[PDB]
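Below is one structure, written out as structure tokens, with a few remarks after it.
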Ligand SMILES: Nc1ncnc2c1ncn2[C@@H]1O[C@H](COP(=O)(O)OP(=O)(O)O)[C@@H](O)[C@H]1O
Ligand SMILES: O=P(O)(O)OC[C@H]1O[C@H](O)[C@H](O)[C@@H](O)[C@@H]1O
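In this note's numbering, the protein residues as written are 1174 to 1490.
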């Protein structure tokens, strides 16, 4: 029967090893496993692992995915309709018989091409893109320089042709970069992280520092917070990005204790937390998650808070 329910559709774009499973685990801390259903878009591969090898294409290739079928079932789910979704088996590399997916209050589609097809794009209510510099992405996989570099060098043509342009369509881009606080760094364990927040989505107001419309460089270490060198550095300001207006929040360095975390949170505006300290609580809820001490975990939680705010906004009427 007809319903007043508004199913909210969310997209998470990125390659593997880009913190995507970590990000989805943090979203579970905010929504739970009950009313959120997560769909790995690899299920819409048209070619299985042996098929892609014999056709000579990677999984990044659009000719190895069925966007007609993806759009059919995502649209059906958003109409409160039950679907029979195929299953891609990452172990055996095969496309297994389908399973029954029931519509939920929140549908999150995640994978390589959630923002690639305009038909699916029009269905999404909010989206992220996890952007990892080839420098940082190389450092994560290596933690053999030669063999990894070759691995990411073979995939980059497909990546820049089909994957990277999705950044222009995301409401939020989480960009991970090498640090600027350490001269000639080798390990890439300290990270400079940016939260690129697009202007345009109807109710989505960006988190900011001090003044939402202007540019600030801020070092929180001082008379009220002690840090060891090099410390923490933050930035905020308007900018343009793929021809659209954005608000960029930035953080560089590591949090070495809880006091530095709550100090930064207390000085951020419009984080959409529901109580003072919720950002720090969620960030420390899983100490083992990678990035729990720097800007990657911080901005993942912040992005989820924006999704929660977009969800509560869409389901208020
Ligand atoms: N913020 C981060 N800091 C350091 N390493 C990370 C971070 N996010 C991801 N990684 C590395 O990537 C690997 C896979 O992480 P995961 O979130 O499962 O990526 P995906 O879900 O895209 O496969 C992890 O084992 C970790 O080594
Ligand atoms: O090298 P590719 O064709 O991109 O495949 C990389 C991986 O993609 C898929 O999503 C599965 O995880 C594996 O079946 C495969 O190894």
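Note that beta-carbon positions come from the ideal geometry of N, C-alpha and C, so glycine has one too.
DSSP on residue i, reduced to helix/strand/coil?
i: residue 1367; result: strand
i: residue 1296; result: coil
i: residue 1481; result: helix
i: residue 1303; result: strand
i: residue 1287; result: coil
i: residue 1348; result: strand
i: residue 1263; result: coil
i: residue 1338; result: helix
i: residue 1177; result: coil
i: residue 1194; result: helix
i: residue 1425; result: strand
i: residue 1442; result: strand
i: residue 1230; result: coil
i: residue 1208; result: coil
i: residue 1456; result: helix
i: residue 1250; result: helix
i: residue 1398; result: strand
In the DSSP output, what is residue i paired with across the bridge?
i: residue 1391; result: 1407
i: residue 1413; result: 1418
i: residue 1308; result: According to DSSP, which records beta bridges pairwise, residue 1308 is partnered with nothing at all.
i: residue 1166; result: For residue 1166 there is no data in the structure shown, the boundaries of the chain being 1174 and 1490.
i: residue 1184; result: 1282, 1300
i: residue 1238; result: 1218
i: residue 1318; result: Partner(s): none; residue 1318 has no beta bridge.
i: residue 1382; result: 1441
I believe residue i touches residue j by the beta-carbon criterion, under 8 angstroms. Please report the beta-carbon distance rounded to the nearest angstrom.
i: residue 1487; j: residue 1181; result: 5 angstroms
i: residue 1515; j: residue 1468; result: Given that the chain is displayed from residue 1174 to residue 1490, the structure contains no residue 1515 and the question cannot be resolved.
i: residue 1400; j: residue 1423; result: Actually they do not touch by this definition, with Cβ atoms about 17 angstroms apart.
i: residue 1256; j: residue 1246; result: 4 angstroms
i: residue 1444; j: residue 1478; result: 6 angstroms
i: residue 1348; j: residue 1321; result: Contact doesn't hold; Cβ gap of about 20 angstroms is too wide.
i: residue 1211; j: residue 1301; result: Actually they do not touch by this definition, with Cβ atoms about 13 angstroms apart.
i: residue 1223; j: residue 1266; result: 6 angstroms
i: residue 1288; j: residue 1192; result: The Cβ separation is near 17 angstroms, so there is no contact.
i: residue 1475; j: residue 1380; result: 6 angstroms
i: residue 1208; j: residue 1252; result: 17 angstroms between Cβ atoms; not a contact.
i: residue 1336; j: residue 1471; result: So it is not a contact: roughly 24 angstroms between Cβ atoms.
i: residue 1220; j: residue 1237; result: 4 angstroms
i: residue 1298; j: residue 1482; result: At roughly 12 angstroms, the Cβ-Cβ gap does not stay under 8 angstroms, so residue 1298 and residue 1482 are not in contact.
i: residue 1361; j: residue 1323; result: About 18 angstroms separates the two Cβ atoms, so there is no contact after all.
i: residue 1353; j: residue 1425; result: 6 angstroms
i: residue 1240; j: residue 1188; result: Rounded, the Cβ-Cβ distance is 18 angstroms, inconsistent with contact.
For residue i, does the count of other Cβ atoms within 10 angstroms reach 16, so buried, or fall short, so exposed?
i: residue 1446; result: buried
i: residue 1205; result: exposed
i: residue 1463; result: exposed
i: residue 1334; result: exposed
i: residue 1344; result: buried
i: residue 1316; result: exposed
i: residue 1194; result: exposed
i: residue 1369; result: buried
i: residue 1177; result: exposed
i: residue 1254; result: exposed
i: residue 1383; result: exposed
i: residue 1438; result: buried
i: residue 1389; result: exposed
i: residue 1440; result: exposed
i: residue 1258; result: buried
i: residue 1269; result: exposed
i: residue 1371; result: buried
i: residue 1153; result: Residue 1153 lies beyond the stretch modelled for the chain, which goes from 1174 to 1490, so this question has no answer here.
i: residue 1310; result: buried
i: residue 1201; result: exposed
Please tell me whether residue i has its Cβ less than 8 angstroms away from any Cβ of chain C.
i: residue 1265; result: The question asks about chain C, but that chain is absent: this structure has only one protein chain.
**Study point:** Nearest-residue set for ligand 1, Cβ under 6 angstroms from any heavy atom
**Key:** 1189, 1190, 1191, 1192, 1193, 1194, 1195, 1313, 1463, 1464, 1469
Check your understanding: Any residues whose CB sits closer than 5 angstroms to a heavy atom of ligand 2? List them in chain order?
Key -> 1215, 1222, 1225, 1231, 1232, 1263, 1266
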